[PDB]
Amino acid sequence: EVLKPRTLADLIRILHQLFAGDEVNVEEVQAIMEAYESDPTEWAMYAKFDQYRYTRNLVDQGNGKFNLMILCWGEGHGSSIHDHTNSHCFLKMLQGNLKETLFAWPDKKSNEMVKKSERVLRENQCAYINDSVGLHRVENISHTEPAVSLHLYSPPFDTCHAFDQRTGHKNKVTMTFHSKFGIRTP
């Protein structure tokens, strides 16, 4: 009874419908994203890697309702601990595996940050986060194989905060795209 997209194109079309209105059913979106069976032939044109850091590759702008992007994680690549600027955030595995560590929000005093959950995202799994759930870090579990993930953020946002695990202190970070629609950016 979960609508199953047969292609990434199908999934994008469904997402346009599901985010067209004022309400978004998080569990419905998550189930449909998870139901799409990752097919590298369909997303290889977005899978542009970098030697030193993960890359952000824009796929679709969702008629202004969301950003859909593919993140390419080289061997051992991981993110900072970060927030999500008051948006819905869906993360689906396309290749490999990411470990997601959920963190509590710091208070004003400097302190080591507190882990609230730790898990590995499985093949084709779609996870969900927003600022009320917590902060998180994601990282490629493998030092010999890449990981690829599909991220949907709604509403779109271009900045977030990164947090220092030792103190809780944060810095504003402007997100940049490595490519858009399969075309490398300057």
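Numbers follow the displayed sequence, beginning with 1.
Comparing 171-179 with 12-20, the stretch with the higher mean C-alpha B-factor in the PDB entry is 171-179.
Averaged over CA atoms, B-factors in the entry run higher in 157-165 than in the other of 157-165 and 130-138. Between the residues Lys92, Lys99, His77, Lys108, the entry's highest C-alpha temperature factor is the one at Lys108. Ranked against the other modelled residues of its chain, the C-alpha B-factor of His143 as given in the entry falls in the middle third. The deposited CA B-factor of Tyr36 belongs to the middle third of values across its chain. Among the modelled residues of its chain, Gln51 has a C-alpha B-factor that falls in the middle third, as given in the PDB entry.
Among the modelled residues of its chain, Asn67 has a C-alpha B-factor that falls in the middle third, as given in the PDB entry. Remark: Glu42 belongs to the middle third of its chain, ranked by C-alpha B-factor as recorded.
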